[PDB]
């Protein structure tokens with residue numbers, strides 16, 4: 001199914017983005033990263049890719065905390081959001 005934006009995805013569906021990347025890595029980094037790249041365009045997030053790969057400081061390294069980064073960041077930045085569902 002196609003979406004109009006990341007705001008079409010709910011918080012949960014997007015929180016599955018990361019959970020999905022965690023499982024659907026494929027094999028080589030390429031199959032993992034190619035998922036990351038599309039999601040990171042949807043978020044327009046800077047370090048979104050790195051969110052998955054390298055934990056920050058006071059952030060929760062969890063699929064939820066990775067979402068929370070993107071969530072808190074975009075909300076402060078005037079980006080799109082998620083759908084509430």
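No lab work stands behind these numbers, since they all come straight from the coordinates. Here Cβ is always computed from backbone atoms with ideal geometry, including for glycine, and neighbour counts include all displayed protein chains.
If you take the alpha carbon atoms of the chain and fit the smallest convex hull around them, that volume is 94 Å³ per residue.
Summary value for the chain: 42 percent relative contact order, contacts being C-alpha pairs under 8 angstrom separated by 6+ residues. Using a simple spin-label model with pseudo-atoms 7 Å out from Cα toward Cβ, residue 41 and residue 12 lie 2.8 nm apart.
The alpha carbons of region 1-47 stretch over 29, 20, 19 Å along the principal axes, in descending order.
Packing, taken as the mean count of other beta carbons within 10 Å per residue, orders the peptides 35-43, 64-72 from highest to lowest as 64-72, 35-43. Gyration tensor analysis over the Cα atoms of region 40-85 returns equivalent ellipsoid semi-axes of 17, 12, 10 Å (largest first, whole Å).
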